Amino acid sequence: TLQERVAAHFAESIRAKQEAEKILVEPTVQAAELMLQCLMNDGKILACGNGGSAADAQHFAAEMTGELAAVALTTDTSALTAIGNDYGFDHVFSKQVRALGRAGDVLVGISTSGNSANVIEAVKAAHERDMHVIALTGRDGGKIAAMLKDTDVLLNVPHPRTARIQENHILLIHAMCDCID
């Protein structure tokens, strides 16, 4: 039944947040403290991800500029298609990190599995630039969680389902924004 299906979506979304609340409070505060340190020293925040996580990158960037220095790397479609066509899709965010990023800025990489190849490249590029990284991941954190440093902050939602991971990410993003102001 569609009524039971919908109700099962609500129940699962409540179970995932209850599960997430007990582990994600301290990391989220560390993420917002990292962004405040970046912003208070004339830095800026770059954000990226794919699909619904690309939507979440521009949502976050719009909260900040609506003013605080934040740019989503998922919005310039000439850039995404030029790079996608000539260099390959794995490089669409990294090349923008290399273009805009400077020492002391923060990268917010978003990937529900933690294995998004283009987010992986962007994190690598951020490290070469001496930028800090905040990874919004799900499941076990994937390759992205393994490649982080002690100076980075991991926000892993432990739930296997992508829809549930996205929902927690937008909540994490609203908590960080409210912490910052």
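Heads up: residue numbers just count along the shown sequence, starting at 1.
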item	value
Unresolved deposited residues lying between neighbours residue 66 and residue 67	4 to 9
Mean temperature factor over C-alpha atoms, higher-scoring stretch between 124-132 and 50-58	124-132
Which of 36-44 and 136-144 has higher mean CA B factor, as the PDB entry lists it	36-44
Assigned third (lowest, middle, highest) for the C-alpha B factor of residue 93	lowest
Ranked C-alpha temperature factor of residue 22 among modelled chain residues, by third	highest
Modelled-residue ranking by C-alpha temperature factor, third containing residue 108	lowest
Third of the chain, ranked by Cα B-factor, where residue 85 sits	highest
Position of residue 169 among the chain's modelled residues by C-alpha B-factor, lowest, middle or highest third	lowest
